[PDB]
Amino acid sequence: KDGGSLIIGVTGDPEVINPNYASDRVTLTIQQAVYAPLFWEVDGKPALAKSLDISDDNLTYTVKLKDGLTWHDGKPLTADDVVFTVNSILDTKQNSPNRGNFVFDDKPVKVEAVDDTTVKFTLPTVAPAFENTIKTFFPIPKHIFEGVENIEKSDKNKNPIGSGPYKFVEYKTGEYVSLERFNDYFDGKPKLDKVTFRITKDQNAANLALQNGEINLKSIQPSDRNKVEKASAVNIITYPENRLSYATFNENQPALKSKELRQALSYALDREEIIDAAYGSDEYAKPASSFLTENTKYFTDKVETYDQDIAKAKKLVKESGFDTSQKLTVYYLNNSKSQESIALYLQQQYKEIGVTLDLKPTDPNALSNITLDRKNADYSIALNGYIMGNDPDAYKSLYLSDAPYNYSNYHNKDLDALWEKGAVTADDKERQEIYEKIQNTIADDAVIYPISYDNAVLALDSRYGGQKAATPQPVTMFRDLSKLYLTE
């Protein structure tokens, strides 16, 4: 009752396996197995860290580490690694995408190693969201990257040294990544001996590999769930992915400047029907309300949702002054059955309120160029989605007037003052009231149409136990693979 191998199916090649840069699904999935964080994001529980303590004035965060931690090569893991990691992110020449989380009004957070097991962070001004940044932090090893000028390109990333439950063995380009258990893993010796990440793009082929035991674990698309469940002995696991599926209204098009038109295009829709048409049933998504997902602090479902009222929708499109003669465009991904079904539903529903909608499915690259361009007015509506994290401050880049991901091109100075005010307010209840108003203003102005909070689906070979303990979670499938075990 020990050892065994686990083969996990992923869709593409990883990029740089280094937590200072990892951002795509595959790289993060592999990183979760190789590197341990200070705290586990999904629940804020202690991981490499034993505890976090915040001073009364909210400027000093003290993190205590567990004793006797080591990296995969046997070197100790101490505060010096934490300090080094933060300084390597702060260092502008390294181009770390998370640098913004350690800077406030252009001033960096100061970090210091009081002892080998004590890290002290001193903020320049109050910043409640910094607790979240600490809870999503994976340290890198100082003895490996100290004196490296370009960390992202370093060949040392070819054989990543980590603190996670699985040590790196090798990487065959376009084929697989193999790992082996780390016996001194802080949370206990892993039960499975080897873990291989198998790269297979075609889902029909991947699902067949799963059926024949060539793959033991992978993500499944909703439309394939009944196929794989009856094909072999597998347990299907469904859990929230903290993803919001939504439609944006492009205010660069003059007609969509009208609050009335945006509200008409909300009242014409029904969430249970969209979910029903997009995914097969309601097991894969639940109706959204707020622009925030349920995992995010201060989430509230008590916002305006524009429940289906076609008669009232007709009233609003009239009051709008929109000349129905004109036609609207919905831009979405040309390789997503969900997005096409959602599009047809909007077309269908808008037809019924006297509005003509033209479907404009597009190539992914082309879609980025279109929607990532803040001056673009080609699209009337764009279907999108996001997984933003546990603190609402991270959502600013999607709703500030100047933000690069403000797809709706909504410009409201007063709302922007609330966003900034929320970022600097320490009192919990006063901070709750601010994000409630933000949720209320976005819903009241029908800036977007939140469709659903989506679930992800995994298929795990029935011979494997411990899925509860491994914790299914957004993006990486599981929180900790060292809890899985093979029952042969």
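Residue numbers here begin at 1 and follow the sequence given.
- The PDB entry records a higher mean C-alpha B factor for 253-261 than for its counterpart among 73-81 and 253-261.
- When the two stretches 428-436 and 451-459 are set side by side, the higher mean Cα temperature factor goes to 428-436.
- Taking the PDB entry at face value, the top CA B factor among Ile237, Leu244, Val355, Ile161 belongs to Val355.
- Within the group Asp270, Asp202, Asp391, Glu131, the record's highest C-alpha temperature factor is found at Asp202.
- Per-chain ranking of the deposited C-alpha B factor places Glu180 in the lowest third.
- For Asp193, the recorded CA B-factor ranks within the middle third of the chain. Only modelled residues enter the ranking.
- Ranked by Cα temperature factor within the chain, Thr11 sits in the highest third according to the deposited record.
- Annotation for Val42: C-alpha temperature factor in the middle third relative to the rest of the modelled chain, per the entry.
- Among the modelled residues of the chain, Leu372 sits in the highest third by CA temperature factor in this PDB entry.
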